[PDB]
Amino acid sequence: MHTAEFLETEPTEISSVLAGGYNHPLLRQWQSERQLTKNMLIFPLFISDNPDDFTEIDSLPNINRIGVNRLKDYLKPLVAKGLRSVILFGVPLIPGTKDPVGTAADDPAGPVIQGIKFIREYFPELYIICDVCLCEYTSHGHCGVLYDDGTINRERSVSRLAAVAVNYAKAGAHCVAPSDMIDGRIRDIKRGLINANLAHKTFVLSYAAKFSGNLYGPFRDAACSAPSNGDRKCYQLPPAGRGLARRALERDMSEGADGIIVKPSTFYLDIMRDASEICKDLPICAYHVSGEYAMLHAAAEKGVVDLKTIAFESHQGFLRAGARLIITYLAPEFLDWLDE
Amino acid sequence: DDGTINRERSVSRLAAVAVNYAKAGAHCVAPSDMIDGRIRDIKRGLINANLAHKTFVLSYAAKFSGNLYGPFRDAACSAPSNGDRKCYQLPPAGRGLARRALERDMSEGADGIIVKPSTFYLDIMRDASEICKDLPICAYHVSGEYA
Amino acid sequence: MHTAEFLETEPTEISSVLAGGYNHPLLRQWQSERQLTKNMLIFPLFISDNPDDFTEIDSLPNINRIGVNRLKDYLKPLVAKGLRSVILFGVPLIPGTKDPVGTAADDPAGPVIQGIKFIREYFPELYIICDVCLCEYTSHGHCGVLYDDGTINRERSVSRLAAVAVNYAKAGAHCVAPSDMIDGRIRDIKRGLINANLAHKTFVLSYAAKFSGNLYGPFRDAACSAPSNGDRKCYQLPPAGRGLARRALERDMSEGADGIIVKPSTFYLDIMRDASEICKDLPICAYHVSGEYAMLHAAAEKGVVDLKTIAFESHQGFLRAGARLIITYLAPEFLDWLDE
Amino acid sequence: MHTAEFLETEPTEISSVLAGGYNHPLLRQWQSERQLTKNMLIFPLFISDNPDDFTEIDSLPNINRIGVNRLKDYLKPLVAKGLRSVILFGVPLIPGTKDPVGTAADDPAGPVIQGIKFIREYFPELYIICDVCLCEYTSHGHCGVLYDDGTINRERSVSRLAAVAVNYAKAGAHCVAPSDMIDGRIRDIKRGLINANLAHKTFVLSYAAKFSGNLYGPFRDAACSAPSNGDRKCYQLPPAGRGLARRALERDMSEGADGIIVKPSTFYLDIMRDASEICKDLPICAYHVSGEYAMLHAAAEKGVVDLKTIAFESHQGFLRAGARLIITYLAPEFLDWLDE
Ligand SMILES: *[C@@](O)(CCC(=O)O)[C@@H](C)N
Ligand SMILES: *[C@@](O)(CCC(=O)O)[C@@H](C)N
Ligand SMILES: *[C@@](O)(CCC(=O)O)[C@@H](C)N
Ligand SMILES: *[C@@](O)(CCC(=O)O)[C@@H](C)N
Ligand SMILES: [Zn+2]
Ligand SMILES: [Zn+2]
Ligand SMILES: [Zn+2]
């Protein structure tokens with residue numbers, strides 16, 4: 001007969017015994033270095049220039065493009081359940097709005113500044129963040145102003161972006177979040193705010209480590225921000241580029257960033273850990289991007305995972321890796337779940 | 001009897017299984033049990049069997065409990081029973097426990113380490129790259145991640 | 001009888017046992033922190049101003065000086081086997097070309113810019129690096145512009161070098177690699193590229209740690225770059241000068257270097273290890289120099305070592321010490337060997 | 001006309017200027033963190049069991065196999081010129097001496113103990129180091145005692161090696177240098193010396209980082225130590241194995257090593273730099289091995305380098321990388337050169 005063999009063993013070494021720390025549900029909470037709370041949540045809003053818009057974005061489940069006259073009814077139950085912050089994206093659909101220099105980016109009649117004004121009046125306690133970039137406003141769809149050869153013009157781009165950021169601040173945004181990745185734009189935006197007497201009021205939340213890759217699919221359908229001729233791989237960081245990311249984090253801190261965003265999130269958790277050392281004195285924010293979010297939904301609907309469960313797992317993952325803030329399309333679900 | 005794991009009897013049984021696989025010809029043994037101190041016992045086992053100089057010990061040092069093992073439970077028909085794996089698999093928030101587990105398994109004889117799952121635990125790979133800088137680090141792209 | 005004595009021993013300590021990690025051929029691969037691949041290879045080309053040149057360089061085995069009308073037939077099998085990058089050196093032999101300010105360094109009719117133009121057209125996927133210096137173009141053979149007392153004039157040298165580098169970039173080089181070692185030249189080259197709207201397109205690969213010594217013998221016969229009155233020991237680093245090397249690495253990083261070269265290679269592996277910490281976020285490149293290469297051939301032909309074997313040993317040595325790139329005269333051999 | 005272009009430059013930054021530190025011959029000495037002196041030199045001796053031997057070793061230039069009755073005349077001019085230390089290797093050529101357990105390794109009639117006795121009497125101020133291994137004494141040529149399957153038996157090997165080391169110490173060696181690389185042998189040798197009341201008198205100089213590779217060619221002809229069936233790659237470290245080397249250094253320190261050797265030397269300078277941190281409180285020794293030495297001679301005779309020059313360059317390289325001791329076949333040349 002084959003029988004169960006047991007080797008002769010030595011007495012347990014105290015150094016081997018970890019189990020005393022996680023044998024009860026409360027202990028698995030004690031073991032967290034940071035717990036998820038409501039105020040860590042930042043919810044994106046896609047504001048249409050059709051004020052009566054409330055259009056579902058196919059590829060981004062449960063998320064709509066919304067006009068200003070639909071915003072009160074949408075935000076009311078969210079703020080009531082504890083929402084503290086939103087990040088605005090403009091989606092102007094009126095024709096002849098987009099041009100090579102992203103003129104409409106800071107149009108006082110455009111959806112972002114209209115959205116700032118509405119929110120400041122109707123939800124005066126909500127903290128408003130605005131994405132700062134030109135890609136939703138350029139005819140070529142790229143994030144900066146281009147030379148003739150289709151490459152980005154750094155100087156003209158950062159000049160245009162500094163203006164957009166300051167103008168959002170002038171209109172009432174509390175926070176500007178430059179997502180363009182163009183070399184040195186944080187310096188120029190910070191100087192811009194200083195010259196406008198707004199730097200002591202305006203948090204600069206840099207997307208310091210934003211990577212190029214396959215996880216932005218459905219975003220390109222909600223904000224109608226698709227490039228044109230070439231790719232984003234010359235300013236967005238290459239996925240293998242840890243050294244570039246570490247240098248970008250150091251740079252943006254140096255140039256005035258009050259906080260930093262790592263994007264995407266789950267697939268870049270090691271870069272959050274890198275940022276937690278490089279940017280240890282600053283808030284670090286995870287951006288759970290469109291492709292990551294849609295991936296979770298796809299897997300959940302296929303029976304691979306449980307949506308709430310894997311929501312909690314991934315979002316606790318951000319906190320473990322060093323983030324203390326989360327931009328996420330699941331904020332409405334969490335405002336309910338964190339009650340329970 | 002109370003359905004909790006018996007450490008001493010478990011590591012004794014696991015050391016035997018590992019040595020017997022090595023005896024049969026495996027080049028490498030990869031203990032996935034997460035039970036406290038099993039690497040020490042497996043390494044001593046191999047030493048006593050004159051196989052430690054031939055057998056790579058690839059510890060699953062940082063293996064987390066969670067929602068990503070669904071389809072594995074259908075390919076290897078390895079489903080628990082009464083209770084969960086959360087008392088030996090690490091809690092997903094447990095970075096401190098993971099760092100201590102990495103240090104422990106290195107100390108106890110691991111030639112290499114596995115972090116599992118992978119994508120959702122990339123920060124723990126980065127932690128391991130410092131703690132276990134002189135050892136090979138292995139990522140396990142698990143069933144739920146793949147699916 | 002003298003008999004074999006065996007001392008009484010204690011049971012094996014687990015801490016003593018390393019052998020489980022390297023007892024199989026695959027494990028000796030697992031133990032490498034970086035494996036050699038084709039794309040890490042950079043092959044030097046010595047371009048003649050006689051367009052029909054294909055002259056073997058005596059002291060540098062299997063390496064020729066080549067004119068442009070011979071380049072297609074030479075590069076074709078190499079690119080076909082996976083060559084990704086070349087580094088160009090100009091060897092103008094027409095008389096009355098060399099002068100005290102290295103005027104011909106950026107002659108649009110000279111071999112480097114002619115070689116850039118040819119390569120950009122015939123091998124549009126090849127990544128082109130150009131050595132930047134004046135020594136192959138000066139009548140005195142030194143790397144910079146000189147004062148009357150034969151010492152290098154820093155200001156005039158860096159001004160001239162910045163121009164040469166920008167002009168190579170203007171002509172099409174993807175990468176400029178300043179090999180002059182003159183204090184502060186990286187700053188001036190980077191500013192030059194910025195002013196020319198080329199810094200976002202041009203990798204700056206500094207020879208940051210280039211040492212004076214006995215290993216450049218045969219180079220002086222392939223590029224006809226011999227000094228004159230004095231030696232290179234006042235700008236090339238002294239071989240014992242670790243402190244100077246560490247400061248040079250930090251300096252060039254600060255001044256804009258995208259990557260760094262350590263030269264020579266094998267005899268300076270400790271400096272690669274130093275650079276891997278100081279320049280941890282940048283690519284580090286090893287230059288397997290003429291004397292090192294010829295030394296390997298000499299020893300192999302004498303039966304001391306096996307050429308392929310010691311090729312692999314030395315080049316894996318670079319990777320172990322922290323390099324991720326290699327400039328080597330054995331690139332053609334490796335493009336075959338890495339297949340096997 | 002193509003004219004020499006000079007870009008507009010900014011005033012020199014003080015941070016760019018390194019040149020003030022190395023513009024004079026004395027400064028290039030000031031820049032060394034460690035200068036080469038005579039007492040750092042350790043010269044290998046290959047002692048024959050034919051007492052009248054003085055046989056040149058073909059592949060190892062200017063080096064002989066020597067019997068005891070030839071040692072006085074050979075060592076006299078060397079000690080007179082400042083030689084402080086030797087490392088002994090036994091080459092027994094009498095038939096029927098080698099056996100599977102290396103019985104003759106510590107034969108009181110064998111060349112090592114005869115050489116210790118002679119040196120202790122005729123050169124009482126010379127510091128004597130003995131290589132400790134079994135490979136020059138085993139019939140299979142491997143460094144330890146083997147299982148039947150030709151693999152090394154750790155326990156029996158370390159037991160045999162501890163005995164050999166203690167017996168050399170008993171005979172008069174000041175220092176034992178275990179070159180076997182078998183897991184845990186330093187612990188056993190140290191315990192051996194402790195039990196023999198010799199640990200307070202006996203320096204343990206571990207070959208802690210000894211790599212497998214192509215640089216031991218001519219050694220295999222001077223000490224007639226060739227393996228048999230299989231290779232040394234299961235105990236000697238793989239050339240890519242930095243992690244294993246770092247762990248071996250830490251291990252041997254822990255187990256009692258008073259000093260450590262890195263071998264080979266030039267091709268492993270990065271590992272010397274690693275050892276200088278891990279083993280910062282211990283003497284580090286470079287072993288300029290047979291293949292490295294013969295490589296220098298081959299290149300020098302081919303005109304690639306100058307022998308004295310490249311001797312100084314490579315040996316200063318060891319000191320730069322952190323060694324303070326050198327085992328070298330060029331010790332006789334240096335005892336003359338360091339005068340000049
Ligand atoms: C980002 O790439 C979009 C986020 C997403 O895809 O969900 C920039 C445009 N903020
Ligand atoms: C692991 O949890 C299974 C891997 C997978 O789910 O793919 C252990 C059982 N090796
Ligand atoms: C270098 O010193 C030459 C390389 C070699 O000798 O092979 C400079 C001139 N790039
Ligand atoms: C070493 O490998 C030999 C040195 C040399 O080859 O010169 C051991 C046997 N000490
Ligand atoms: Zn954009
Ligand atoms: Zn030069
Ligand atoms: Zn040996």
Side-chain angles (χ1 to χ4, degrees), chain A residues 44 46 57 59-60 63 87-89 130-136 143 177-181 207 210-213 215-223 225 232 236 261 263-265 287-294 327-329, chain C residues 89 102 105 131-138 141-144 157 161 178-182 207 210 216 219 223 225 227 232 235-236, chain D residues 44 46 57 59-60 63 87-89 130-136 143 177-181 207 210-213 215-223 225 232 236 261 263-265 287-294 327-329:
Chain A
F46 295 101
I57 298 141
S59 72
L60 205 63
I63 294 299
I87 178 165
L88 305 180
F89 293 85
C130 297
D131 187 79
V132 175
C133 203
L134 308 174
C135 49
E136 286 137 63
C143 293
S179 66
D180 60 289
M181 283 305 299
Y207 304 60
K210 172 173 156 167
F211 293 84
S212 83
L215 289 162
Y216 303 142
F219 181 81
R220 313 222 275 215
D221 309 319
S225 77
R232 306 313 245 304
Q236 293 178 171
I261 298 166
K263 176 191 168 147
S265 56
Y287 198 135
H288 199 231
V289 305
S290 60
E292 287 171 320
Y293 171 69
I327 299 166
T328 174
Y329 301 111
Chain C
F89 293 85
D131 187 79
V132 175
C133 203
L134 308 174
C135 49
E136 286 137 63
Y137 305 98
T138 50
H142 283 282
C143 293
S157 286
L161 290 159
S179 66
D180 60 289
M181 283 305 299
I182 300 166
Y207 304 60
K210 172 173 156 167
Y216 303 142
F219 181 81
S225 77
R232 306 313 245 304
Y235 36 112
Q236 293 178 171
Chain D
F46 295 101
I57 298 141
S59 72
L60 205 63
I63 294 299
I87 178 165
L88 305 180
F89 293 85
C130 297
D131 187 79
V132 175
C133 203
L134 308 174
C135 49
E136 286 137 63
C143 293
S179 66
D180 60 289
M181 283 305 299
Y207 304 60
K210 172 173 156 167
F211 293 84
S212 83
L215 289 162
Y216 303 142
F219 181 81
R220 313 222 275 215
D221 309 319
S225 77
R232 306 313 245 304
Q236 293 178 171
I261 298 166
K263 176 191 168 147
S265 56
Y287 198 135
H288 199 231
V289 305
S290 60
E292 287 171 320
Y293 171 69
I327 299 166
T328 174
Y329 301 111

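Counting starts at 1 for both ligands and their atoms, following the listed order. FYI, side chains are in, hydrogens and waters are out, and symmetry mates aren't considered; it's all heavy atoms of this structure. The chains referred to below are lettered A, B, ... by the order of the sequence lines, with proteins before strands, and numbering in each begins at 1.
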| Point-to-point distance, once rounded to the nearest 0.5 Å, from SG of C:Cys135 to CZ of C:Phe219 |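 Here the rounded value is 6.5 Å.
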
| said: With rounding to the nearest 0.5 angstrom, report the CG to CZ distance, D:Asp180 to D:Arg232. | reply: 10.5 Å

| said: Testing the basics here: between C:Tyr235 and C:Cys143, what is the closest heavy-atom pair and its distance to 0.1 Å? | reply: OH-N, 3.4 Å

| task | Examine A:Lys210 relative to A:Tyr287 and say whether NZ or CZ is less than 6.0 Å from the centre of the six-membered ring and inside a 45° cone about the ring axis. | result |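 Ring-cation test returns no.
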
| So which protein residues pack against ligand 1 under 4.0 Å, heavy atoms counted? | A:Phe89, A:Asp131, A:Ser179, A:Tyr207, A:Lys210, A:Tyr216, A:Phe219, A:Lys263, A:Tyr287, A:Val289, A:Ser290, A:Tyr329

| Would a 4.5 Å heavy-atom cut-off, applied to side chains only, mark D:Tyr216 and D:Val289 as touching? | yes

| Residues that A:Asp131 engages under salt bridge (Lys or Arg N to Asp or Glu O under 4.0 Å), provided they are two or more places apart | none

| request: Apply side chain to side chain contact (heavy atoms under 4.5 Å, CB included) to A:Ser212 and list each qualifying residue two or more places apart in sequence or on a separate chain. | output: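 Applying side chain to side chain contact (heavy atoms under 4.5 Å, CB included) to A:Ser212 gives A:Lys233, A:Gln236, A:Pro239.
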
| Exam field: side chain A:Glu292 to backbone A:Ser265, donor-acceptor pair closer than 3.5 Å |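 It does hold such a pair.
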
| task | Measure the acute angle between the ring planes of D:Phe46 and D:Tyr329, then classify it against the limits of 30° and 60° as parallel, tilted or perpendicular. | result | parallel

| Sorted by chain and residue number, which protein N/O/S atoms are under 2.8 Å from the Zn ion (ligand 6)? |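 Metal shell, protein only: C:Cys133 SG, C:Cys135 SG, C:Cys143 SG.
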
